[PDB]
């Protein structure tokens, strides 16, 4: 089983943007979230400008083109597909949510992106509450990766 990427140079394309944050702040949150996973895998993550990228990132609302619609404010925050072709590996963010970074209102794009990118590398949800892959958003200033996350990603990639 174990869905995983079968190449090391993973490419990504930011297909569109939310207006909740500066373009540069969005780019960097995504870059940081990839940096998390880069460090503990044999994968590199390169930003490209191409619909052929492995991980296509999209901000969307309601039906946004994949038949899995978002649900307005609250409920779903984001979803991502495990490794593979096409829609597989892609990460979508619900722009009916308020996207932010600091403590306060809205959801940390960085933290939600780090969780989504976990899925996009092949991780399912964890049963360990403190875990990045635990299916509960919580804002933190602490290091996001937990042993269980690293255990999980090593299970796939070595």
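Residue numbers count along the first chain shown, from 1.
- Relative to one another, 135-143 and 6-14 have unequal mean CA B-factors, and 135-143 is the one with the higher figure.
- Higher mean CA temperature factor between 26-34 and 101-109: 101-109, per the PDB entry.
- The maximum CA B-factor among the listed residues 121, 114, 56, 62, taken from the PDB record, is found at 62.
- Per-chain ranking of the deposited C-alpha B factor places residue 80 in the lowest third.
- Among all modelled residues in this chain, the alpha-carbon of residue 130 has a temperature factor (C-alpha) in the highest third.
- Among all modelled residues in this chain, the alpha-carbon of residue 52 has a temperature factor (C-alpha) in the lowest third.
- Per the deposited record, the Cα B-factor of residue 70 falls in the highest third when ranked against the other modelled residues of its chain.
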